[PDB]
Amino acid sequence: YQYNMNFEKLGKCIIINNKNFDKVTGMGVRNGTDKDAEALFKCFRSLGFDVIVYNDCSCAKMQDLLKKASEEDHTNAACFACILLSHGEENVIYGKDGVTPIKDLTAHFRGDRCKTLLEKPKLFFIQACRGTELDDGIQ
């Protein structure tokens, strides 16, 4: 009923910390994201992840990073974790040079496309917008 956690490593944790964006994207600087990334780094480090932080990544870079990780050998890892900190719209996240679909980033870790993470949890934590609506609340 539980995932088997008995491995040498908990797993890889990729933190993508996009703060500064190409002017062509029209997106403003994400102040505060550095404090997020630092707090996230410590948290997931404490859990037991091997955490690496990449900053102001292009869409190509973000694609390559996840693609490369999916191709790594995770045989000795309990799980995989990735954290995205950026601007966003629904189904898509901003690189510094534009947007790219979240599906494309995560699909590299599908069962048929990453056998060493088969039957192992694949975690994606995403801090980004998913549209423009706002919650007015109630009561």
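Numbering starts at 1 and follows the sequence shown.
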- Note on the structure: Ranked by mean Cα B-factor in the entry, 7-15 and 21-29, top stretch is 21-29
- Stretch with the greater mean C-alpha B-factor as recorded in the entry, comparing 97-105 against 47-55: 97-105
- At the C-alpha atoms, which of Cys79, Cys82, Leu85, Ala60 reaches the highest B-factor in this entry? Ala60
- When the modelled residues of the chain are sorted by Cα temperature factor, does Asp112 land in the lowest, middle or highest third? highest
- Would the CA B-factor of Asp36 place it in the lowest, middle or highest third of its chain? lowest
